[PDB]
């Protein structure tokens, strides 16, 4: 019964991420460990504002933001900012430095599609310290990748 802002807040913190990807066509599989740092940003934060106008958007719509940093294979940091839909607290657009949807079950779904490339990710908490996510990648008329991630909260 939580919304995006709640989901974003919950995600905040340091996590150990274990990723496994299945390459459908080649019946292969590659896995990789990684560290993740999710810090919730306030609508006031300059990073948020920058992204909004960047996407030609008004910061008055940004409900919150987040800075996701990783490390492990490659590494970096990106900022995400959700823009609400007409009178909605569950669906809208997600600005990346794509569309999102919060569901009754408390799981977030992200969808970004260009032309032949469709990407669908689903994130959810199995525990306040266990975030999981699945995803599929469709490309040139065929599914090409299916992935899973286990993220356990670190602490410190």
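Residue numbers count along the first chain shown, from 1.
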Residue 97 to residue 98: deposited residues without atomic coordinates = 10 or more
Counting only residues from the deposited sequence, how many are left out of the model between residue 73 and residue 74 (none, 1 to 3, 4 to 9, 10 or more)?
-> 4 to 9
Quick note on 137 to 145 and 16 to 24: per-entry mean CA temperature factor is higher in 137 to 145
Stretch exceeding the other in mean C-alpha B-factor - 103 to 111, 43 to 51 = 43 to 51
Please rank the C-alpha B-factors of the chain's modelled residues and tell me whether residue 4 sits in the lowest, middle or highest third.
-> middle
Position of residue 119 among the chain's modelled residues by C-alpha B-factor, lowest, middle or highest third = lowest
Third assignment of residue 63 from its chain's C-alpha B-factors | highest
